[PDB]
Amino acid sequence: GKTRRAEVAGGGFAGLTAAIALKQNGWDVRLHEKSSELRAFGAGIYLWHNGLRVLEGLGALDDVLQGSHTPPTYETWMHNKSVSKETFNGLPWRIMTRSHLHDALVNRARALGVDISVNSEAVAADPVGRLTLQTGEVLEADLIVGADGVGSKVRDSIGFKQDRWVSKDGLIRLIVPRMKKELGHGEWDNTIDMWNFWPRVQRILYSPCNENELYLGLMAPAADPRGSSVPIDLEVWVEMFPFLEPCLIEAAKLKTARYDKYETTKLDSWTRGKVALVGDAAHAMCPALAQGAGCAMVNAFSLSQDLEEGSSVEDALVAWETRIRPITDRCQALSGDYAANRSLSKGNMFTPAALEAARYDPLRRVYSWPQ
Amino acid sequence: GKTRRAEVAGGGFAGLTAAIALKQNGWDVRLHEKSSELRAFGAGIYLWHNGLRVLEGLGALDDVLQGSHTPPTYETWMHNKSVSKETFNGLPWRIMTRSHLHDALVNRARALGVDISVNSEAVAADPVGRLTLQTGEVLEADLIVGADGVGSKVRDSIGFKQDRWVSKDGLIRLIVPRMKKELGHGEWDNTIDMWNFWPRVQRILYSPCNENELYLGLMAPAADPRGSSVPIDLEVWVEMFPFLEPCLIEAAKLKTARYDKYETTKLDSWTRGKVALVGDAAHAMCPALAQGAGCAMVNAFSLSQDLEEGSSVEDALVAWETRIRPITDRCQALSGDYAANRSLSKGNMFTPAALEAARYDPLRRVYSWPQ
Amino acid sequence: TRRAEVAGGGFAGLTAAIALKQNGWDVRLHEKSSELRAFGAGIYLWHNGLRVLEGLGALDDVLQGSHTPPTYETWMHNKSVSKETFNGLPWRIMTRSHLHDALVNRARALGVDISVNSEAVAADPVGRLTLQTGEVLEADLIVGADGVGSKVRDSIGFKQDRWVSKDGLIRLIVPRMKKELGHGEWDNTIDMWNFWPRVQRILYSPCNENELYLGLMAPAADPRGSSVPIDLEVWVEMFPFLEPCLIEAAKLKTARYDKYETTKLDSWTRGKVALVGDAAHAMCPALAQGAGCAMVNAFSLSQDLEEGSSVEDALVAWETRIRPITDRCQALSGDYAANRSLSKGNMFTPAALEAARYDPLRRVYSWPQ
Amino acid sequence: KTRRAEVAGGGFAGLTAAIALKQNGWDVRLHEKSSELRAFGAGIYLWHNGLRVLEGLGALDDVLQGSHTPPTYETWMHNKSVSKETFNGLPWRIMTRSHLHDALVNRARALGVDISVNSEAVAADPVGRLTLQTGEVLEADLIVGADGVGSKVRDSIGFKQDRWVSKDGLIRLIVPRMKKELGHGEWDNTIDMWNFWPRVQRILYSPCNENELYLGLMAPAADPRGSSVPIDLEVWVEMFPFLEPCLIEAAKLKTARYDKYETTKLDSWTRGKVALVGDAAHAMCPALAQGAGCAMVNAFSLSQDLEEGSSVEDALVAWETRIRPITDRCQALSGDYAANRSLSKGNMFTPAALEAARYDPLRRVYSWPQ
Ligand SMILES: Cc1cc2nc3c(=O)[nH]c(=O)nc-3n(C[C@H](O)[C@H](O)[C@H](O)COP(=O)(O)OP(=O)(O)OC[C@H]3O[C@@H](n4cnc5c(N)ncnc54)[C@H](O)[C@@H]3O)c2cc1C
Ligand SMILES: Cc1cc2nc3c(=O)[nH]c(=O)nc-3n(C[C@H](O)[C@H](O)[C@H](O)COP(=O)(O)OP(=O)(O)OC[C@H]3O[C@@H](n4cnc5c(N)ncnc54)[C@H](O)[C@@H]3O)c2cc1C
Ligand SMILES: Cc1cc2nc3c(=O)[nH]c(=O)nc-3n(C[C@H](O)[C@H](O)[C@H](O)COP(=O)(O)OP(=O)(O)OC[C@H]3O[C@@H](n4cnc5c(N)ncnc54)[C@H](O)[C@@H]3O)c2cc1C
Ligand SMILES: Cc1cc2nc3c(=O)[nH]c(=O)nc-3n(C[C@H](O)[C@H](O)[C@H](O)COP(=O)(O)OP(=O)(O)OC[C@H]3O[C@@H](n4cnc5c(N)ncnc54)[C@H](O)[C@@H]3O)c2cc1C
């Protein structure tokens, strides 16, 4: 009395974004992270205008921009031949390690006074406003946020209709030193998406995060016993990416690299009663448009906006989904099409349609940076 | 009544910005333009993050972004050799025709209900809150804004201490078709600053505004009777910029081109009683950093911010100048140094110091996009 | 006066006829087809072949109207993987008819007797050549220069290892369309390799300001790539930067898909019979030395016949002196073909260039690598 | 009946004449004024014409081994590449001068040419007499004045000439390639690097082989820094920073010289039994890189005309008539290029510029058409 209370399950980008945005609006917010430490996995990440605008709204933009990188261009190669160079007509974008982004959100959530619990796993949620932890402890609140990832127990304990999919193939994602000097002549501040189908299917997404750190995604079929191996098989990667040898040598030193498969989900509904699902829990998607976390953050931020309208929580949640979900649905669908067709291999695929989610400004609720 | 009243002298970028920002804050605003038509001269213009943020604050950003251009890179040439390519670490920037920008500000000021008078010339202002027109008509107001350009009569009728300066050399600025196809192979969406000292001092700043329009600045010494001639001496320009021949041919058709010299002013004070000087009236500068209008817009917008603090107008004006002027002073000084030393000819000159003004966010009052 | 009968009016036969005639031989040459003509569109010659032409007095007629690219470039999947200029070693590209005309005109100026529609059907080491008219000709020397299907060779019975590939290529002369090709380095040789999305290759070879020589290589089991007249779409699809030239190529109704063919013989001579060119040593074309070696060998035969020996002895000395250069070139070129080595670029090594470096006039290797 | 020739001068022209004469059964003695056989000027370009002479001298393969043909002849103006030329296959070659000189000396020695160092011709007589600085008077059927632009064979006789020296010059050096240190680029190319701004400074960059680089540093004599020897490292690195590793080695060369350009044109190349060849007769501006080329073609051609059964006197007249217009035209065009700085524009090796290079002295025809 009379403070609205929110329990947030999940300490990833969506959960942290929701917790900050609610807390800024005067909610009493508690956040539960299942693992032993607040931490992001996946090495590196791209954000665009939409996600950057969310960060502005969270008061964490400038902490993220300091120590992250915008390449001079987004370049695509096919068999070492440059097939496209894209700068998106000025649309802002940024590459950073996941921990850089995650640290900035943690720092902000903590500074705002978000109640943070780790080793705290949500195992059940009730639409009347109850969150049950693995300890058996039952929490009552006016709002429950399921931001607990693609394997969401908040979602599955309630039983939402879904269409869930797991990929055949996967990739290895790593942070290594830039080795820029050792790379010699070239445009080594660029994003370079290096595709190959001959002599083998192997791809590297080359992604500078700053002056010190390079984010690499190494993509090879699961049925390729060498290309999919971790720690990496140096020989098969150097063979097809010899110009990256200095960085690949450093990558081969990382004993805890993982080969991860892609996973998606689409839900009929994102809400039930006082429970809202946000992020991968609601809309895990293919990463072709690099909008999974971007949409997760736009959605979590937009949830806080609809909760300011004076409505009941239940009504605000229905209004939220109705307003914001089509942007995500369209983005998820197009990114799935790109993934299935290997569209990015052709270059020049960041079309106006592809950049729709990136152009969205969640703060002013309009589309900006026209294409 | 209790409705604060502002009289704004000058219908340029500074005047229009001040009128919009004040009107949005509930001022009763009247704007006076000396000439017979609201219109901008000078062909094309660059804005950066700081000015784009002002546009966001004026509710005119997206009208400007639609139909303007961000080059993939800002390139510098010396004797046809590329000596630098700069993308400013993601810092937003934009090139556009002056009429594109000016139309967007006029549409917005008009839409908001600003009282617009043309053929209305301010010839005297009084710090107690009086503006006199050339008609002899005397207007009383709570705030007087001198946005009447480098030859400000609002300023000179009051007698501000100044250090005024006029260049010996100048340039011809024009809008022509892109002729992109005709330019053949190259990077013709780039900004390209093409310097030459041999065989003659001639420079062209090549600045695409959109798919249809190209902004060209043709710089030659005033003592050069061919290079400084208007309409342009096609031969002496084609001779040193042969790759631009299709565009230069179009430029030669422009009968109303002008050769304009540069002009600067620096004032000990920007305010006196209820009178505030904004834009070129207060701080006309060398255009090396392309920040003259950017600073003018930031200062005009920031004026409206300080007027929301519940102070007397007089105190608010003093607080405004104290808060905002050092950014402009430093920018003016550095741009003057660059101009005197021809620093831009070396390339790579958009350093962190050069970009200080561009990095400023007038909305949040912090510096963004670190360099 | 010594008499020679030469079977075959290709590069090897014409070279032999001219070289012998210059040395005072009385020479008649027999061409099986009804007109003197060279097939195969375009051809590369190197230092060795150019030196032969100098020795034949036909160099300048060949250099006028032929082309040396600024560089020999190799692409893999449109990526430039090498540019080679061979440390100044001279080389030249030309239409086959240009080279063939220069040789025919020289032979005619010298008084070589040429009979078209005259086929050698049998030969005898004692010095007899039988024509398809049944006429038996007697001579001090018989030159079997009658190509890979040599009847001079097969009527005598030379032990050989003869081979034909299942795959082949289409060779055409088209206009340069240089302006329509827009920006690039369109005076270069460009060997444009691809294995993905399909196995298709174009050897791009400018012959002069007007004529471009193209070799379009696709497997026989590819019904589109191997089709004649060309399936325009499948070629434009993988070589879109060549569309103006391919459009012209598509108009060529008489285009052929020719298979590769090689032979290696234990012996090149039998009594007064000498086999030269494809009759003796047809090879894979990777090193572009088939005619080069043929011409060096035919020219060298005339040299050994000036030593005062019996023809029989001179022929043995000729083979002993000159064949290892050809054997090594043939073996390396076959290795390159089998391993698709040219696809890697930078493959014109000192070893690859051995034949090209040979100067048949001074009998030394020049242009070191 | 053994014909006898005395050749004054042991540079490219003298050695070429001596070899060619000797090959044709002349008894040949050659006199070199300096105390040792040696070529100065660091490096040198030869073209088809000069390479053909070497073939005719039986010295081609010794020259080709250890010399270099660039992939392309490139020109820069203010660091911008303005042309790349390969001359439609026309053979050319860059080498150190000592490499060329050594091949010629070794060949003359193998043929039995009698060479006297520290032997200066101080006077000549058209009747066939050569006077040495020992006062010895030599008699011969042919006297070859191959004694350079300051020819005493020429001046003792008195040939009408127009001789000229420039105020400006250049520094020519051989340095290591430092190819790895040069990093990314096309460092096997010839690169003629022109600048007029901020200062008039030019470097002709000329690789001779895997180990040696030939540099020509051209600055006006009135520039006390650019014309300084040993080189003012700073002013060269300033305008050619991409060549710093090579220039650092260049700065170590204490015996560097600033040499001035010299030309001469004579109304006549012959007098009685005396023939003037090379710089003695036709020193020219170096734009077309044909000074030694022409000298060698002319020296080789002289031996050809002496094989016709004429008197030496008649053969010399026929020689000059046959061969001089190629040299006259080359010299005139080269001087025009030098005066107009034409090479700075690129693409200047036109058919006309390449006329001398295209000439084949062995078959007496023009080859490699342009
Ligand atoms: C290969 C790949 C590349 C990608 N690249 C990009 C990109 O460049 N840009 C971009 O925007 N997106 C990208 N994405 C997508 C992005 O990773 C996801 O959309 C994003 O991380 C989703 O965040 P989230 O907070 O919803 O889920 P998660 O990041 O999975 O976080 C949920 C948090 O859930 C905690 N948790 C789980 N279960 C419980 C529980 N029961 N109780 C309490 N806590 C729990 C998890 O441990 C964790 O701390 C990429 C994805 C993949 C697979
Ligand atoms: C060559 C050059 C290039 C430049 N490029 C850029 C650039 O790329 N980016 C950038 O941000 N800046 C640039 N600038 C600077 C920019 O042009 C100015 O700073 C800007 O236009 C100043 O706007 P203002 O409204 O203060 O003045 P002005 O634009 O001069 O406008 C004042 C308005 O004053 C009206 N007026 C005048 N007198 C009276 C009066 N007595 N009563 C009523 N109205 C009056 C004038 O007619 C006009 O309508 C450049 C300047 C130059 C010279
Ligand atoms: C695809 C391909 C590309 C090649 N590219 C090059 C290249 O770039 N450079 C190069 O040097 N080589 C190249 N070659 C090889 C070159 O084509 C041959 O080595 C050369 O043509 C052999 O010439 P020849 O005179 O021995 O035989 P052929 O050219 O076959 O000529 C023999 C002549 O034989 C006449 N004839 C045949 N039978 C009789 C008979 N019974 N009686 C009388 N006359 C007869 C034939 O009709 C014809 O006129 C290439 C070969 C191929 C297949
Ligand atoms: C800067 C520059 C660059 C050049 N680059 C090229 C180039 O790239 N390619 C090219 O072909 N040419 C080039 N040349 C021109 C070339 O150097 C000359 O044309 C060539 O060296 C002339 O040779 P020569 O034998 O006539 O004279 P020299 O080389 O001058 O030789 C005469 C020889 O004369 C000996 N001697 C002198 N006086 C007497 C005497 N009285 N008695 C006996 N011996 C005497 C001299 O000491 C010496 O040993 C260049 C010239 C210059 C200036």
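Residues numbered from 1 in each chain as written, not as in the entry; some residues may be left out. Chains lettered and ligands numbered in written order. Heavy atoms only, no water.

- The PDB entry lists chain D under the name 2-methyl-3-hydroxypyridine-5-carboxylic acid oxygenase, with Rhizobium loti given as the organism.
- The PDB lists this entry under the title "Tetrameric form of 2-methyl-3-hydroxypyridine-5-carboxylic acid oxygenase (MHPCO)".

- The name the PDB entry assigns to chain A is 2-methyl-3-hydroxypyridine-5-carboxylic acid oxygenase, from the organism Rhizobium loti.

**Side note on the overall build of chain D**
And step 1. Each helix and strand in chain D was counted, giving 12 helices and 20 strands.
And step 2. In terms of principal-axis extent, the alpha carbons of chain D reach across some 65 × 45 × 35 Å.
And step 3. Among the 370 residues that make up chain D, the fraction classed as buried is 58%.
And step 4. Looking at chain D alone, contacts between residues at least 24 apart form 72% of all its contacts between residues at least 6 apart.
And step 5. Of the roughly 14300 Å² that chain D leaves accessible, carbon and sulfur atoms contribute 48%.
And step 6. For chain D, the distance from the average site of its 42 positive side-chain charges to the average site of its 46 negative ones is 1 Å. (Helix = DSSP H or I, 4+ residues; strand = E, 2+ residues; numbered from the N terminus. Buried < 20%, exposed > 50% of the residue type's maximum accessible area, 1.4 Å probe, protein only. Contact = heavy atoms within 4.5 Å. Areas by Shrake-Rupley, 256 points an atom, 1.4 Å probe, with all protein chains shown as cover. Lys, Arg positive; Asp, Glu negative; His and termini not counted. Charge placed at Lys NZ, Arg CZ, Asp CG, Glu CD.)

**What to know about the sheet that holds strand β9 (residues 130-133) of chain B**
Residue and element names in this part refer to chain B.
And step 1. Here 3 strands make up an open sheet; going across it, the order is β8-β9-β10 and the pairing antiparallel. With partners counted over all chains shown, the strands left at the sheet margins are β8 (122-126) and β10 (138-140), one partner each. Along the sheet, successive strands turn relative to each other by an average axial angle of 20 degrees, direction set aside.
And step 2. Where β9 lies against β10, 3 bridges are found, and the strand directions are antiparallel. Paired with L131 across the two strands is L139, which belongs to β10. (Pairing = 2+ DSSP bridges. Axes fitted to C-alpha atoms, helices over the stretch in contact; angles between N-to-C directions.)

**Structural notes on the site of ligand 4**
Residues and elements named next belong to chain D.
And step 1. Close contacts around ligand 4 come from 27 residues, with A13, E32, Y45, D279 and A292 the closest.
And step 2. Here an oxygen atom of ligand 4 and a side-chain polar atom of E32 are 2.2 Å apart.
And step 3. The separation between a nitrogen atom of ligand 4 and a polar main-chain atom of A121 is 3.1 Å.
And step 4. Here ligand 4 loses 84% of its free accessible area of 1000 Å² to cover by the protein chains.
And step 5. Elements supplying a minimum of two residues to the shell around ligand 4: α1 (12-23), β2 (27-32), β3 (43-47), β12 (161-176) and α10 (291-305).
And step 6. Top contributing element to the shell around ligand 4 by residue count: α10, with 3 residues.
And step 7. Here the shell around ligand 4 is built from residues that sort into 10 nonpolar, 10 polar and 7 charged.
And step 8. Looking at which domains feed residues into the shell around ligand 4, each of domain 1 (1-39 + 97-166 + 262-370) and domain 2 (40-96 + 167-261) supplies at least three. (Near = heavy atom within 4 Å. Polar contact = N/O pair within 3.5 Å; in protein donor to acceptor, adjacent residues only side chain to side chain. Nonpolar A, V, L, I, M, F, W, Y, C, P; charged D, E, K, R; others polar. Domains from an automatic or database assignment.)

**Let's talk about helix α4 (residues 97-111) of chain D**
Residue and element names in this part refer to chain D.
And step 1. Under the 1.5 Å per step criterion, the end-to-end length of α4 is 21 Å for 15 residues, consistent within 8% with the ideal 21 Å.
And step 2. Along α4, the positions that sit buried rather than exposed are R97, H99, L100, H101, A103, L104, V105 and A108.
And step 3. Directly after α4, the chain includes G112, whose backbone phi takes a positive value near 85 degrees. (Expected span 1.5 Å × (residues − 1).)

**A look at the pattern of salt bridges**
Residue and element names in this part refer to chain B.
And step 1. Within the structure shown, the criterion is met by 119 salt bridges over all chains.
And step 2. For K253, the salt bridge identified is with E250, shortest N-O distance 3.3 Å.
And step 3. Its relative accessible area of 53% is what places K253 among the exposed residues. (Salt bridge = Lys/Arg side-chain N within 4 Å of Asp/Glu carboxyl O.)

**A look at the packing of aromatic side chains**
And step 1. The tally for this structure, following the rule as stated, stands at 72 aromatic pairs over all chains.
And step 2. Considering the side-chain rings of A:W198 and C:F195, the 4.8 Å spacing of their centres and the 35 degrees angle between planes classify their relative orientation as tilted. Of this pair, A:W198 sits in the loop between β13 (191-195) and β14 (203-208) while C:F195 sits in the loop between β13 (189-193) and β14 (201-206), each in a different chain.
And step 3. What makes A:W198 partly exposed here is its relative accessible area of 34%.
And step 4. When its relative accessible area of 19% is taken as the criterion, C:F195 is described as buried.
And step 5. Between the aromatic rings of D:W269 and D:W319, the centroid separation amounts to 5.7 Å while the plane-to-plane angle is 50 degrees, which identifies the pairing as tilted. One end of the pair, D:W269, is in the loop between β16 (258-266) and β17 (270-271); the other, D:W319, is in helix α11 (residues 312-340), with 50 residues separating them in the sequence. Each member of the pair, D:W269 together with D:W319, is buried. (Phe/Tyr/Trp six-rings, centres within 6.5 Å; stacked < 30°, edge-to-face > 60°.)

**Considering the domain arrangement of chain A**
Residue and element names in this part refer to chain A.
And step 1. One can read the domain layout of chain A as domain 1 (1-40 + 98-167 + 263-371) and domain 2 (41-97 + 168-262).
And step 2. Between domain 1 and domain 2, the C-alpha centre-to-centre distance is 25 Å.
And step 3. In this assembly, 49 residues from domain 1 lie in contact with 46 residues from domain 2.
And step 4. For the pair domain 1 and domain 2, the summed buried surface comes to about 3800 Å²; carbon and sulfur atoms form 62% of the total.
And step 5. Contact with domain 2 buries area across many residues of domain 1, yet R98, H100 and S167 alone supply 20% of it, more than any other trio.
And step 6. Here domain 1 and domain 2 share 1 salt bridge between them. (Buried area = accessible area lost by both parts, 1.4 Å probe.)

**A few points about the domain arrangement of chain D**
Interfaces are often described in size by the accessible area the parts lose on coming together.
Residues and elements named next belong to chain D.
And step 1. In terms of domain boundaries, chain D breaks down into domain 1 (1-39 + 97-166 + 262-370) and domain 2 (40-96 + 167-261).
And step 2. Inter-centroid distance (C-alpha atoms) of domain 1 to domain 2 is 25 Å.
And step 3. In this complex, domain 1 contributes 50 residues to the contact, which on the side of domain 2 involves 46 residues.
And step 4. Here domain 1 packs against domain 2, burying approximately 3800 Å² in sum over the two surfaces, 62% of which is carbon and sulfur.
And step 5. Broken down residue by residue, the surface that domain 1 buries against domain 2 is led by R97, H99 and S166, which jointly contribute 19%.
And step 6. The interface formed by domain 1 and domain 2 includes 26 residue pairs in polar contact.
And step 7. Element by element, the count of residues in the side of domain 1 that touches domain 2 is highest for α4, at 7 residues.

**Considering the relation of the copies chain B and chain A**
And step 1. In the superposition of chain B on chain A (RMSD 0.1 Å, axial shift 0.0 Å), the rotation amounts to 180 degrees. In short, the pair behaves as if placed about a two-fold rotation axis.
And step 2. Of the residues that chain B buries at the interface, 100% are likewise interface residues in chain A, meaning the two copies contact each other through the same surface. (Least-squares fit on C-alpha atoms.)

**Side note on the sheet that holds β16(D)**
Residues and elements named next belong to chain D.
And step 1. A sheet is described by the order of its strands in space; here 7 strands give the open sequence β5-β4-β13-β14-β15-β12-β16, paired in mixed fashion. Every other strand in the sheet has two partners, leaving β5 (80-85) and β16 as the edge strands with one partner each. The sheet shows a mean angle of 25 degrees between the axes of neighbouring strands, taken without regard to direction.
And step 2. Bridging between strand β13 (residues 190-194) and strand β14 (residues 202-207) involves 3 bridges; their strand directions are antiparallel. Within the sheet, the bridge partner assigned to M193 lies in β14 and is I203.

**With respect to the site of ligand 2**
All names here are of chain B.
And step 1. Ligand 2 sits among 28 residues. The nearest are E33, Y46, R98, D280 and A293.
And step 2. One nitrogen or oxygen atom from the main chain of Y46 is found 2.8 Å from a nitrogen atom belonging to ligand 2.
And step 3. Taking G292, its main chain carries an N or O atom lying 3.3 Å from an oxygen atom of ligand 2.
And step 4. Contact with the protein chains removes 84% of the 990 Å² of surface that ligand 2 exposes when unbound.
And step 5. Elements represented by at least two residues in the shell around ligand 2 include exactly α1 (13-24), β2 (28-33), β3 (44-48), β12 (162-177) and α9 (292-306).
And step 6. Broken down by element, the residue count for the shell around ligand 2 peaks at 3 residues, all from α9.
And step 7. Across the shell around ligand 2, the residue classes tally to 11 nonpolar, 10 polar and 7 charged.
And step 8. The residue makeup of the shell around ligand 2 includes at least three contributed by each of domain 1 (1-40 + 98-167 + 263-371) and domain 2 (41-97 + 168-262).

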